[PDB]
Amino acid sequence: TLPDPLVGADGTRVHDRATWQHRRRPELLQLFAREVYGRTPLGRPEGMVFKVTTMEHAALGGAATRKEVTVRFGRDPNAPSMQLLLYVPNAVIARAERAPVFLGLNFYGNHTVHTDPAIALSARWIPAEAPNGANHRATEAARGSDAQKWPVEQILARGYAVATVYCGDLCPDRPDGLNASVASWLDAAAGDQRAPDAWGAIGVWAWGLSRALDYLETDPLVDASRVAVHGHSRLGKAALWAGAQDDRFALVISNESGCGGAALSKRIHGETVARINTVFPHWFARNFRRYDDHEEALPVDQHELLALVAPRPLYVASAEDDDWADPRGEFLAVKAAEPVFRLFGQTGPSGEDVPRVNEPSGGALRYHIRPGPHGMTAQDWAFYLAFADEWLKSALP
Ligand SMILES: O=C(O)[C@H]1O[C@H](O)[C@H](O)[C@@H](O)[C@@H]1O
Ligand SMILES: [Mg+2]
Ligand code: NA
């Protein structure tokens, strides 16, 4: 039995949007920070610098303006940074209009999201599982190696810019990666051991998404008030945490994020807390290991993470064969967060059980399950683009 998002920690019921926004939301944010993801130690750091390193106005055969931007997290050239790739549809900026944006992290490098040979090859560590990796270094053969998750031309043709950053710029995805990450620079001080409530990879990845948004606020080609933050699987766990913590994100998409993302932990199905923390000990706070094989003691569940997006539109989606993510657990988290969305006048999926494949259900809180295995497909994207067209805040008053 799940904790009620609309009952505060002290037992008092949440009846109105102000109490939600100003009392219950901070309560839940601090529970997720302390017990699951670890504390985000600071939001925007002072002295962030944005350097456009390349700009091409006729990329993708004229369809897009492509920019590469180094986003450095302090003023000294020696502060850590991340490399942002942005494609903006020329049809939109040719009209003297700013484009809305889809923003998400990639798994294996910016050069993998499209074959475009002008994208800078990542100079960072790449995991062995990356396609066409050579001793954890990017190669020309990895270009476009993850393009199936990134239908850039369709996204642009529908009027959206595409922004992305390699998650490994922020925390390399390997158990020792926090030692060479934003986390190791952004405090800890003279200690070697990670604190119990210290953030892990998911928290650092989510922070980078918010830093990317900081950059989009200064870019005159895009409308940073109309940013849909999305991610697949482990990067969808980050996209949910980023969209929950940072209410500037206008729209949030979780593509099969599973355990510690959209899936209920207290439903014991597929991946469990013990399994995710054992295999990926750097992803969550050390404090999350308290709940290994003890999910009943969790003071929150992931439906309350989804509810932290409200009233902003949120899309949670599953794959039919993706038992590990627990599609039903993801759907039931949507249903358990729906009462918060309803508080703000929005509607969630119709019914109490998982919809049929390729039949999305819900208003501003939407769910679909698609056929096939874990992944992010053109079908997923088709549904996300329809959702953005409908619910991504307008450019008008
Ligand atoms: O990111 C992915 O592809 C997935 O990788 C692993 O399977 C992990 O157990 C999942 O939690 C994760 O979602
Ligand atoms: Mg599970
Ligand atoms: Na902008």
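Nothing fancy with the numbering, it's 1 onward along the sequence. Values below: every heavy atom of this structure, side chains too, minus hydrogens, waters and symmetry copies. Order of listing sets the numbers, starting from 1, for every ligand and every atom in it.
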Side-chain heavy atoms of [X] within contact of [Y], under 4.5 Å:
X	Y	result
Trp241	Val36	no
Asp380	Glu256	yes
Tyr367	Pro327	yes
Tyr37	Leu305	yes
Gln245	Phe32	no
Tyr87	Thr164	no

Applying side-chain hydrogen bond (donor to acceptor under 3.5 Å, both in side chains) between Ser318 and each of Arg370, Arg328, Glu330, report the one that passes. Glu330
Atom [atom1] of residue position [X] - does it have more than 12 heavy atoms of other residues, nucleotides or ligands inside 6.0 Å?
X	atom1	answer
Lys51	NZ	no
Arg248	CZ	yes
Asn135	CG	no

Pairing residues for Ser81 by the side chain to side chain contact (heavy atoms under 4.5 Å, CB included) criterion, not counting sequence neighbours: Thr70, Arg72, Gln83, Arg124
Do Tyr384 and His368 have their ring centres less than 6.0 Å from each other? yes
Between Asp323 and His269, is the side chain to side chain donor-acceptor pair (under 3.5 Å) condition met? List the steps. CA-CA 8 Å; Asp323 196 59; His269 193 99; 2.6 Å; yes
Listed as residue and atom, the protein N/O/S atoms under 2.8 Å from the Mg ion (ligand 2) are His269 O, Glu271 O
Measure distances from the Na ion (ligand 3) and count the protein N, O or S atoms below 3.0 Å. 3
Between ligand 1 and the protein, tabulate every N or O atom pair separated by less than 3.5 Å, reporting distance only.
from     : atom 1 : to     : atom 2 : distance (Å)
ligand 1 : 1 (O)  : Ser233 : OG     : 2.8
ligand 1 : 1 (O)  : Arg234 : N      : 2.9
ligand 1 : 1 (O)  : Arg234 : NE     : 2.7
ligand 1 : 3 (O)  : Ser233 : OG     : 2.8
ligand 1 : 5 (O)  : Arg234 : NH2    : 2.9
ligand 1 : 9 (O)  : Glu271 : OE1    : 3.2
ligand 1 : 9 (O)  : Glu271 : OE2    : 2.6
ligand 1 : 9 (O)  : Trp324 : NE1    : 2.9
ligand 1 : 11 (O) : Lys237 : NZ     : 2.9
ligand 1 : 11 (O) : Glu271 : OE1    : 2.5
ligand 1 : 13 (O) : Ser233 : OG     : 2.6
ligand 1 : 13 (O) : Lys237 : NZ     : 3.4

